[PDB]
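*Asks:* Sharing a structure below in structure tokens format, with a few things to ask.
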Amino acid sequence: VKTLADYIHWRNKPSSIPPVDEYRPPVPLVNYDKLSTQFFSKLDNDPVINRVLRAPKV
Amino acid sequence: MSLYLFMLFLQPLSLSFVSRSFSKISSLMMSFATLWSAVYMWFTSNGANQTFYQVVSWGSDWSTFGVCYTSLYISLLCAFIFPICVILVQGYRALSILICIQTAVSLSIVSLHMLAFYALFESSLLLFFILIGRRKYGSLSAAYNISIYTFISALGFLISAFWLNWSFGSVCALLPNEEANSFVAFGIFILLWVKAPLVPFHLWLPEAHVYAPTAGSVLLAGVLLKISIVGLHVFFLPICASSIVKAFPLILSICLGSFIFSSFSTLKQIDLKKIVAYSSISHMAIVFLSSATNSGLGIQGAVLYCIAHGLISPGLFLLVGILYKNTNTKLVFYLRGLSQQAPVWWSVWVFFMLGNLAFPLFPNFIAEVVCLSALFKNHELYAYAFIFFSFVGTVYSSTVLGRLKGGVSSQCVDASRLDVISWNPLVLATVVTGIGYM
Amino acid sequence: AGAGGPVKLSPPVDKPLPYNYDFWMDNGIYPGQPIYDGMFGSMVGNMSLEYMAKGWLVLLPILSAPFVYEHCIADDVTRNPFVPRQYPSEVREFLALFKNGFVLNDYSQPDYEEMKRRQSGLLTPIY
Amino acid sequence: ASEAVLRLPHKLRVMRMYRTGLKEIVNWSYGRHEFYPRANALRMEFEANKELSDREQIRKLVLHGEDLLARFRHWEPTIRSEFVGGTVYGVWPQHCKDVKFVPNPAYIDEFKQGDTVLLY
Amino acid sequence: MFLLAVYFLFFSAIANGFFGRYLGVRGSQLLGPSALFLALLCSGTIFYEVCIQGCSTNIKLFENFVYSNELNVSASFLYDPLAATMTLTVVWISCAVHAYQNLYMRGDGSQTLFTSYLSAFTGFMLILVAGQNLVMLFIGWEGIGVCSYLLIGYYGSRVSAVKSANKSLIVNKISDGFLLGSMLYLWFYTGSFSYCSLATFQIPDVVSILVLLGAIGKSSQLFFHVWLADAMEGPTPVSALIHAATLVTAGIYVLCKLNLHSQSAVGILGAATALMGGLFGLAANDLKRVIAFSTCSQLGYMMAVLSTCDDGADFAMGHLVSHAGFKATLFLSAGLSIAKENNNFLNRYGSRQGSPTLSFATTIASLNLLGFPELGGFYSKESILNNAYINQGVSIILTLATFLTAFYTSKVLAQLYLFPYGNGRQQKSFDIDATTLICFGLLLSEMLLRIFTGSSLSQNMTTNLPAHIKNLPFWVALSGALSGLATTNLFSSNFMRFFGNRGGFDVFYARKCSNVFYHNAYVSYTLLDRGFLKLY
Amino acid sequence: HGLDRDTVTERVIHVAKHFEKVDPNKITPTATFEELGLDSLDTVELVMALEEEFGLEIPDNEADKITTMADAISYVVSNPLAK
Amino acid sequence: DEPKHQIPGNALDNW
Amino acid sequence: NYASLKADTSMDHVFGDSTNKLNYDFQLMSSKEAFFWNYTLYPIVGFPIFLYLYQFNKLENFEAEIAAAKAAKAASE
Ligand SMILES: CCCCCCCCCCCCCCCCCC(=O)OC[C@H](COP(=O)([O-])OCC(O)COP(=O)([O-])OC[C@@H](COC(=O)CCCCCCCCCCCCCCCCC)OC(=O)CCCCCCCCCCCCCCCCC)OC(=O)CCCCCCCCCCCCCCCCC
Ligand SMILES: CCCCCCCCCCCCCCCCCC(=O)O[C@@H](COC(=O)CCCCCCCCCCCCCCC)COP(=O)(O)OCC[N+](C)(C)C
Ligand SMILES: CCCCCCCCCCCCCCCCCC(=O)O[C@@H](COC(=O)CCCCCCCCCCCCCCC)COP(=O)(O)OCC[N+](C)(C)C
Ligand SMILES: CCCCCCCCCCCCCCCCCCCC(=O)O[C@H](COC(=O)CCCCCCCCCCCCCC)COP(=O)(O)OCCN
Ligand SMILES: CCCCCCCCCCCCCCCCCCCC(=O)O[C@H](COC(=O)CCCCCCCCCCCCCC)COP(=O)(O)OCCN
Ligand SMILES: CCCCCCCCCCCCCCCCCCCC(=O)O[C@H](COC(=O)CCCCCCCCCCCCCC)COP(=O)(O)OCCN
Ligand SMILES: CCCCCCCCCCCC(=O)SCCNC(=O)CCNC(=O)[C@H](O)C(C)(C)COP(=O)(O)O
């Protein structure tokens, strides 16, 4: 059965598709940026850190 | 009153007989004469006449004109703000359209007959379609929006006026009539719902303001939005109070929702004119709610806040127009370094933006205090809701100011002598109202 | 030299802009910043929200331990080794009126129950 | 480690790790006196594994040192004031010339200044 | 005579900021300090007349400032003992800051506008303090808020400064909104805005919460302290005024003027803010940041003392007035150190030949902060700590905050002077004029006078405490100072990092609150007005 | 201030002398670090010492490209903030 | 050149 | 006409290159997360509303209990 529903221009698909390539603003570079998600970690008491920071006589 | 009405009828008349080269000078002199006549009307208005200061009739119920507290303030505001619009507009066609719009609006405020009110306010329908849809700088979409919204709301108001004229036999405000009908109340209300932008019927306003000339935007925000409060105080609350009390939870929901959604929408705006337009929509909600409470504190507060908006919004729209003339841009992203490049424009912009945020030395503060007091008189939660959400206005205004304030700019874009002359009356009026001469 | 220092200018946009580019604040100087720092991009100290929450979870109990004892575990009689300051009857009656007063905790007084109910007053105005 | 660091060759990666570790030593120190022993300790830490040739062990060392340098990033980097990230960077930026100033703005076609309504 | 001070400050503001083209840089270097000196003479007269001789005066400028139906308020000034004391302190600090700005801001393009903003800022503070009704206080509250927005963001080409100003403005908007709600509650159920008729023995909890929420904004307490640390972007004279007197003190002043606070809340919030601020200041490496966290801690002490006893209001105001002098001195000295060294980091400071006056003023201000016995800071802080013993929870936290305060203060003093030179071998110099010496003379004079004249009437009244309990604050301060000199490690790297990130309040706001705010705005606009309801 | 080549050269030479391995006579205004005897780790330390000497901050990409005495002097001379 | 609305579909298919 | 799209590399040596770009995708919060945070934050914002509702409920319940007891006492007696 033909109905208005068939010929109404329903908004089911985007008329305009945004350009894929997008501008990313320049930012100062942080060499090491991995986020720390663990409050208690073995890294804090690492042997390297103890020798480099905790141990040297000051 | 008679002098004011005569000057109003003379201003459109004068254009027909001018030289076509003296048009701007004659129009400015006529605008100042209309302002002086409004001052005379204020002088001849005795406070002893508590109900209506002056009523004049010229042979029929339609030609019944009169001034009350709301009418007096709005008429003085229109006469004060029209000279600025006149100087900002160039060309006989533009002058003719503007002068006809002003005459129709100023006659509507003082009208005391619903049918005459409709006849005068809606006469300026094609003129706005033509003005907002001008050849190069106008948008047909905005013109269609404003025109259709106005026609539908005013037609509903007209149907309600026809029923009141049939049932009571008269539609003049001076004759005391009361109605409990909800269809008639809704008919009168829908006009107020659309004219004073209230969500979801506010879409027409921003489009019209953005694509209108600076004179048009100044007139629209300054006084066209206020015409709703005259209709409420003069043509709705006297007859349809019962329906406003019956629907108060719904009225409050729609007004608060308008205030919230408009504030949130203002945050996504990148055009200065759209920012000012959405600020106006947010500000209209408090006025509408305060008047709907049907209390002394609310009616006075709503009128006062309306005057404060009618003094602060034209200033922002004028500064935005001046900036656009200097730079041909309204995008906040392109405009930077305005503090260093335009110290004089920037000072006035910051002052007006502070006024828009309802700071104490501005009329907005006193007006807001009174309106909030009226809401608190109704319920404490009503006041709290409005007070809390006011921070959203701060966020958008602060972000805009910060983006405009600093950066790198290679263009000196500052106001000329003409631009300072145009805002000086608005600055002085803002200061005077701020110090308490409301 | 406070004035006249060299600055780097942000490069002009050269690619299609993202829809939500309004989240970036750029005045024309090279280091642009988000509207709110930490909303996106590099996080200060490389600490995520999860790390901060775990810290607050470790800290909160230690900070709350002093307050919970006196407020909840302790009682008016046992909180302090003395009674509240003693006043003449005329002064005491007026002072007892204040909800935020310090004379309402006098257990020795024969009006203790009324004073205690006064202290735990109404949440909101009844009218 | 960020993508830019990862793309770098082995030699440049280790040079970067040493540089960053020295900067982080500076940031976490309370005075210049602390820096010297800590910097010597960092030098010895890198020198100890410099002669390793096993690629797998080298990768493990690099990855671990990168995780350590990521966790121990300071909230407040010690940056000179005049450089990006500094207090006096941008305070009063030097104005470039070639500024476009319009002289006598209100006197250019003074009578006809305003907006016009053009019609068809 | 009482009006004169406000007149002098507003005149100096209008002159420097509207007629600076005529006056010149030198003209502002004259009119500013001259006006502030005249205002100091007036404030001294006011202090003697009101505080010492118990003569409160009311000056009504005009009536019917707001006259809508029943609601009626007038512009009136009541100089009560609290107003006189605060007026004096504010004007003394502002006069010193104006003298300081003559040399500090010479290298700044708008010295006329800076001086204008400083004088308008001082005028609005005096309006807030001296107002007789709640509306006048609101006028002052907003005026200081706007002046802070215009002063923190003075460097417009720095995105950090503009963001810091936006942050201040938004936080202060939320606080003044809660205040407006509380003022509406108080007007509705008491009939007036004047503090005389405002008195209510029993107030519903809602009004108390609204008052507290309003106060915690200006007096940066927990959850509302984000703006204070950021406010370091502004020039050093601004930081001295805001932190020492104009902004942080307003919240305490409001709480003390109208005693609607609840004991349970103020004590916990204060003690928490004291501890958190001290912990945040431990991690901080910027000189100006550490002094800001110290301000937060001291504010926590003042808020906490209100809960302890009836005299808590007097003790709080006494601490507030004692704190303004030393804290102002700390900021002005920090600014001079930064200017002389071109450095903001504690690591690069060290022993270097300088002016005796500045080094002494820094030492004495630090000692007052630390709690050194027989000093103005000591008496005002012991009055709080000794009287807080009754509240076991508040006392323990406040003692821990005293320890942390001593540790960071001693560490800062060691780093700035005792430590060897840490900056580079480059030519740096800032020569100090006689105006700066006058400014430090004024601050030292305030510090000395405070010892002789005292801060509260009940300052030396006996607190019936065992000797061991009365003298414990001293032992805790000494222990912290000794631990700070040794520059020992107190916390693990996980906690040091946590404290450096200030508890992650701002990371929470950015990730969750800001994202929710902009999603609500996206739904409100993109999805609805410009999506569903927009024609093709 | 645009610092002259002669001053920059003398100070870079002064800084380079501090390495124990380097012979005080091999360091010349135009000498590679390899000939001087510096390793990769040594080059990082030298660049950092240059950072202390002229009170500047060298971006890491440029610092990587510094490997000879000549290019360092050129870079410092080019920089307008070098002190 | 000015920004213009994207037309869905190919030219010849629409025609 | 339009501004130049060519950048200035004069200060690239002094202040670093512009090669490094932002990692943000420029997209907003997920719908599921937003629903939770809106329905969590908004109640916190409306703290007075809940206080008023609580007190009003307590008052009405007390009044109803009083009336019930009054009725009971007025029936037998
Ligand atoms: C006794 C002693 C003597 C003392 C004097 C006292 C005498 C009293 C009155 C005598 C004054 C003369 C009357 C003027 C007649 C001609 C006016 C005219 O043509 O207008 C444009 C004309 C400008 O001519 P133009 O620039 O040379 O070019 C026009 C070309 O012909 C064509 O140009 P175009 O093709 O490019 O068209 C462009 C068009 C853009 O296109 C449009 O916008 C079309 C829009 C349609 C109409 C607009 C709808 C809204 C109008 C609202 C009414 C305005 C007043 C608002 C007050 C509310 C009233 C309820 O823009 C315009 O034309 C102007 C825009 C605004 C003007 C519209 C107002 C005119 C309404 C009707 C005019 C009367 C004609 C009657 C014809 C008589 C025989 C043929 O005149 C004007 O200066 C502006 C209009 C002045 C309006 C006053 C006229 C009264 C109308 C109000 C109605 C109230 C009832 C009447 C009672 C009046 C008192 C008793
Ligand atoms: C580009 C600008 C360059 C030029 C700058 C201009 C400088 C302007 C100077 C600022 C003016 C400050 C004065 C504020 C008081 C306003 C004066 C006033 O309104 O006159 C009053 C008289 O009152 C006075 O004169 C006040 C004394 C003014 C000076 C006294 C001390 C000056 C210190 C300033 C502090 C004022 C705080 C007031 C805050 C509201 C009118 O008396 P009434 O008959 O009662 O009027 C009715 C009241 N109502 C307005 C509400 C309708
Ligand atoms: C209450 C009784 C007396 C009232 C006196 C109030 C004190 C003086 C008020 C003077 C007029 C009030 C508002 C002036 C216009 C607002 C603009 C402004 O204040 O500053 C302008 C420019 O300032 C002016 O030219 C006029 C200022 C003259 C005096 C201003 C004193 C401080 C303003 C008081 C705040 C108004 C209170 C409103 C709310 C209570 C913009 O400055 P910036 O955005 O910071 O940029 C400047 C460039 N730079 C980056 C280098 C900083
Ligand atoms: C017993 C009856 C039972 C119910 C039956 C209802 C059946 C239909 C009722 C609808 C009546 C509403 C009339 C408005 C129709 C919408 C506007 C037409 C859409 C449109 O395309 O207009 C274009 C611009 O309009 C615009 O830009 C306007 C935008 C939308 C206007 C918003 C409508 C006003 C507010 C709506 C309600 C407000 C309160 C309601 C009480 C101009 O198109 P074109 O000139 O290029 O022509 C070329 C042909 N396509
Ligand atoms: C769903 C939320 C409602 C949206 C409105 C929100 C706020 C609007 C309030 C406006 C204030 C005054 C308007 C008076 C009533 C309008 C709407 C009130 C709510 C309503 O619809 O009540 C209905 C009665 O109203 C009526 O019978 C008339 C309804 C309006 C008619 C619609 C179009 C009329 C246009 C006529 C043009 C002029 C005609 C003049 C002859 C049914 O409520 P109920 O009492 O039956 O309760 C039975 C439920 N269990
Ligand atoms: C002394 C008085 C108290 C002062 C402050 C006390 C604050 C205590 C509240 C934190 C303690 C309970 C935290 C909830 C348990 C969560 C445990 C792990 C957290 C987690 O896994 O997800 C996080 C949720 O954020 C969150 O955890 C946010 C929940 C916080 C509730 C709101 C309370 C206000 C917090 C203000 C300061 C707290 C800062 C740190 C929370 C990060 O989520 P994600 O971004 O990684 O998700 C990915 C984006 N798709
Ligand atoms: C604040 C806390 C401080 C943070 C400390 C964290 C730092 C982690 C320390 C541990 C990291 C390592 O060991 S990373 C060391 C990884 N080991 C290797 O790469 C072995 C192969 N060696 C080579 O390729 C070259 O010798 C080379 C080394 C490149 C030099 O080149 P030159 O021959 O030309 O000098």
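Residues are named by chain letter and number: chains run A, B, ... in the order of the structure tokens, numbers start at 1 in each chain, and ligands are numbered from 1 in the order shown.
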Within 12 Å of chain A, which residues belong to chain G? Use only C-alpha atoms and report them as a PyMOL selection string.

*Replies:* chain G and resi 4-9

*Asks:* Identify, on the basis of only C-alpha atoms, every residue whose closest approach to stretch 303-306 of chain E does not exceed 10 Å; exclude the query and any residue fewer than 3 positions from it along the same chain; express the result as JSON, numbers by chain.

*Replies:* {"E": [216, 219, 221, 251, 252, 255, 256, 259, 261, 262, 263, 264, 265, 266, 267, 268, 269, 270, 271, 272, 273, 274, 297, 298, 299, 300, 309, 310, 311, 312, 313, 314, 315, 316, 319, 381, 383, 384, 385, 386, 387, 388, 391, 394, 395, 398]}

*Asks:* Once you count only C-alpha atoms, which residues of chain H turn out to be within 8 Å of chain F? Could you give them as a ChimeraX atom specification?

*Replies:* /H:13-17

*Asks:* 12 Å from ligand 4 is the threshold here; counting only C-alpha atoms and all ligand atoms, which polymer residues fall inside it? Answer as a PyMOL selection string.

*Replies:* (chain B and resi 129+139-157+183+186-195+197-205+207-208) or (chain E and resi 529+532-536)

*Asks:* Could I get the residue neighbourhood of ligand 5 at 10 Å, counting only C-alpha atoms and all ligand atoms, as a PyMOL selection string?

*Replies:* chain B and resi 153+155-164+180-190+192-193+236+240-255+292

*Asks:* Applying 8 Å and only C-alpha atoms, which residues near residue E:351 remain after dropping the ones on its own chain fewer than 2 positions away? List them as number ranges by chain.

*Replies:* E: 349, 353, 416-421

*Asks:* Taking only C-alpha atoms and all ligand atoms and a cut-off of 8 Å, can you tell me which residues surround ligand 7, written as JSON, numbers by chain?

*Replies:* {"A": [48, 49, 52, 53], "D": [10, 11, 12, 13, 14, 15, 17, 18, 20, 21, 22, 24, 25, 27, 28, 42, 45, 46, 47, 48, 49, 50, 51, 52, 53, 58, 59, 61, 62, 64, 65, 66, 68, 69, 72, 73], "F": [38, 39, 40, 41, 42]}

*Asks:* For ligand 1, collect every residue having any atom at a distance of at most 10 Å from a ligand atom (counting only C-alpha atoms and all ligand atoms); output as a ChimeraX atom specification.

*Replies:* /B:8-18,20,23,91-108,116-131 /D:117-120

*Asks:* Any chance you could export the current selection's N, CA and C atoms as a compact mmCIF listing (two decimals), in the first residue's frame?

*Replies:*
```
# COMPACT_ATOMS: atom_id res chain seq x y z
N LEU B 8 3.70 61.27 16.44
CA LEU B 8 3.84 59.93 15.89
C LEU B 8 3.27 59.87 14.49
N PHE B 9 2.13 60.54 14.26
CA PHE B 9 1.53 60.49 12.94
C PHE B 9 2.28 61.39 11.97
N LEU B 10 2.96 62.41 12.48
CA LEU B 10 3.70 63.35 11.63
C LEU B 10 5.00 62.76 11.13
N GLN B 11 5.62 61.87 11.91
CA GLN B 11 6.93 61.35 11.49
C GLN B 11 6.85 60.57 10.18
N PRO B 12 5.90 59.65 9.96
CA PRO B 12 5.80 59.04 8.63
C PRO B 12 5.37 60.04 7.58
N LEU B 13 4.51 60.98 7.97
CA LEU B 13 4.01 62.01 7.06
C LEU B 13 5.12 62.90 6.53
N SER B 14 6.08 63.26 7.39
CA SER B 14 7.14 64.18 6.99
C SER B 14 7.93 63.65 5.79
N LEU B 15 8.16 62.34 5.73
CA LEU B 15 8.99 61.75 4.68
C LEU B 15 8.41 62.01 3.29
N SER B 16 7.08 61.96 3.16
CA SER B 16 6.43 62.19 1.88
C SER B 16 6.78 63.55 1.29
N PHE B 17 7.00 64.56 2.13
CA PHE B 17 7.23 65.93 1.68
C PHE B 17 8.68 66.38 1.72
N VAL B 18 9.62 65.52 2.13
CA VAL B 18 11.00 65.98 2.25
C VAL B 18 11.63 65.95 0.86
N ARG B 20 14.27 64.48 -0.32
CA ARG B 20 14.90 63.20 -0.64
C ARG B 20 16.40 63.29 -0.40
N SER B 23 16.30 63.93 3.92
CA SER B 23 15.58 62.86 4.61
C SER B 23 16.20 62.51 5.96
N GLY B 91 19.60 55.76 3.52
CA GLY B 91 18.80 55.51 2.33
C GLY B 91 17.33 55.81 2.59
N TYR B 92 16.67 56.39 1.59
CA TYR B 92 15.25 56.72 1.74
C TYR B 92 14.40 55.48 1.97
N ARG B 93 14.70 54.38 1.26
CA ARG B 93 13.88 53.18 1.40
C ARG B 93 13.97 52.66 2.83
N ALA B 94 15.20 52.58 3.34
CA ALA B 94 15.45 52.10 4.69
C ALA B 94 14.80 53.02 5.72
N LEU B 95 14.90 54.33 5.51
CA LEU B 95 14.29 55.28 6.44
C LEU B 95 12.78 55.10 6.44
N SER B 96 12.18 54.98 5.26
CA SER B 96 10.73 54.85 5.16
C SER B 96 10.27 53.61 5.92
N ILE B 97 10.95 52.49 5.69
CA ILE B 97 10.56 51.23 6.34
C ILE B 97 10.71 51.36 7.85
N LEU B 98 11.83 51.93 8.30
CA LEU B 98 12.09 52.03 9.73
C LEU B 98 11.07 52.95 10.39
N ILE B 99 10.74 54.07 9.74
CA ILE B 99 9.84 55.04 10.34
C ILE B 99 8.43 54.47 10.41
N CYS B 100 8.04 53.67 9.41
CA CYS B 100 6.72 53.04 9.45
C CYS B 100 6.67 51.98 10.55
N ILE B 101 7.74 51.20 10.70
CA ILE B 101 7.78 50.19 11.76
C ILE B 101 7.68 50.88 13.11
N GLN B 102 8.43 51.97 13.29
CA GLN B 102 8.44 52.64 14.59
C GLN B 102 7.06 53.21 14.89
N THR B 103 6.42 53.81 13.89
CA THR B 103 5.12 54.42 14.14
C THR B 103 4.11 53.36 14.55
N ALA B 104 4.13 52.22 13.86
CA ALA B 104 3.21 51.13 14.19
C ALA B 104 3.46 50.59 15.59
N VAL B 105 4.74 50.39 15.95
CA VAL B 105 5.06 49.87 17.27
C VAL B 105 4.67 50.86 18.35
N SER B 106 4.96 52.15 18.14
CA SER B 106 4.70 53.13 19.19
C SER B 106 3.21 53.35 19.37
N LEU B 107 2.43 53.19 18.30
CA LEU B 107 0.99 53.31 18.41
C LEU B 107 0.39 52.09 19.10
N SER B 108 1.00 50.91 18.90
CA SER B 108 0.52 49.70 19.56
C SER B 108 0.62 49.79 21.08
N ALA B 116 -7.59 47.15 17.82
CA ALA B 116 -6.69 48.21 17.37
C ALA B 116 -5.24 47.84 17.64
N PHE B 117 -4.98 47.23 18.80
CA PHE B 117 -3.64 46.76 19.12
C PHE B 117 -3.14 45.82 18.02
N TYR B 118 -3.98 44.85 17.65
CA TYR B 118 -3.62 43.92 16.59
C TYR B 118 -3.41 44.66 15.28
N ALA B 119 -4.29 45.61 14.97
CA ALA B 119 -4.18 46.29 13.69
C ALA B 119 -2.85 47.03 13.59
N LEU B 120 -2.43 47.67 14.68
CA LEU B 120 -1.21 48.46 14.66
C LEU B 120 0.06 47.61 14.75
N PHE B 121 0.10 46.59 15.62
CA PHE B 121 1.35 45.82 15.75
C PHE B 121 1.66 44.98 14.51
N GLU B 122 0.66 44.36 13.91
CA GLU B 122 0.85 43.46 12.77
C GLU B 122 0.88 44.19 11.43
N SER B 123 0.69 45.51 11.42
CA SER B 123 0.86 46.26 10.18
C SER B 123 2.30 46.16 9.71
N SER B 124 3.24 46.16 10.65
CA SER B 124 4.67 46.03 10.40
C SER B 124 5.08 44.57 10.27
N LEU B 125 4.42 43.85 9.35
CA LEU B 125 4.72 42.46 9.04
C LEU B 125 5.47 42.32 7.73
N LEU B 126 4.98 42.93 6.66
CA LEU B 126 5.69 42.90 5.39
C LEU B 126 6.98 43.70 5.49
N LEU B 127 6.95 44.82 6.20
CA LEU B 127 8.13 45.66 6.33
C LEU B 127 9.27 44.89 6.98
N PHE B 128 8.97 43.95 7.88
CA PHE B 128 10.03 43.16 8.48
C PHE B 128 10.45 42.04 7.54
N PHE B 129 9.51 41.53 6.75
CA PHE B 129 9.85 40.52 5.75
C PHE B 129 10.82 41.12 4.73
N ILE B 130 10.58 42.37 4.34
CA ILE B 130 11.40 43.04 3.35
C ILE B 130 12.73 43.46 3.97
N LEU B 131 12.71 43.91 5.22
CA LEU B 131 13.92 44.39 5.88
C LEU B 131 14.88 43.25 6.17
N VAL D 117 18.83 49.41 2.47
CA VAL D 117 17.94 48.32 2.07
C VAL D 117 17.83 48.32 0.55
N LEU D 118 18.47 47.35 -0.09
CA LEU D 118 18.41 47.22 -1.54
C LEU D 118 17.27 46.29 -1.93
N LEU D 119 16.49 46.70 -2.93
CA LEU D 119 15.32 45.97 -3.38
C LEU D 119 15.34 45.79 -4.89
N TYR D 120 14.51 44.86 -5.36
CA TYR D 120 14.40 44.51 -6.77
C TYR D 120 13.11 45.07 -7.35
```

*Asks:* Between H:34, H:75, H:67, H:3, which residue has the minimum interatomic distance to chain B, considering only C-alpha atoms?

*Replies:* H:3
